[PDB]
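Novice: Heads up: the protein sequence lines correspond to chains A and B, in order. Heads up: the first sequence at position 18 corresponds to 18 in the entry's author numbering, and the numbers run straight through without jumps. Heads up: the second sequence at position 24 corresponds to 24 in the entry's author numbering, and the numbers run straight through without jumps. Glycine included, C-beta positions come from ideal geometry on N, C-alpha and C.
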Amino acid sequence: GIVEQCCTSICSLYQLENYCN
Amino acid sequence: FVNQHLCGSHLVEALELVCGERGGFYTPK
Numbered sequence: 001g002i003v004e005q006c007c008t009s010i011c012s013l014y015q016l017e018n019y020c021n
Numbered sequence: 001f002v003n004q005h006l007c008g009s010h011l012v013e014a015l016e017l018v019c020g021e022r023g024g025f026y027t028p029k
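What follows is the structure, given as structure tokens:
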């Protein structure tokens, strides 16, 4: 999970880095 | 991401901050 991983919090951009497919 | 949260239209705007090309990331539209 990437969005639900920290939707109600602030995790890190390293997770969203896998959204440029 | 870095300071803003990722829920609602904040996640989509964060995808543009990552790459910036259209049809390159999750674009609900």
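Among 18(A), 20(A), 21(A) and 10(A), which has the Cα closest to the Cα of residue 3(B)?
Specialist: Nearest C-alpha to residue 3(B): 10(A).
Novice: Quick check: the Cα distance between residue 28(B) and residue 19(A), rounded to an integer number of angstroms?
Specialist: If you take the alpha carbons of residue 28(B) and residue 19(A), they lie about 13 Å apart.
Novice: Taking only the alpha-carbon atoms, compute the straight-line gap between residue 13(B) and residue 21(A) and give it to the nearest angstrom.
Specialist: Their backbone Cα atoms lie some 16 Å apart in a straight line.
Novice: Taking the C-alpha atoms as reference points, what is the distance between residue 13(A) and residue 8(B)?
Specialist: Distance between the alpha carbons of residue 13(A) and residue 8(B): 16 Å.
Novice: Does DSSP put residue 10(B) in a helix, a strand or coil?
Specialist: Residue 10(B) falls in the helix class under three-state DSSP.
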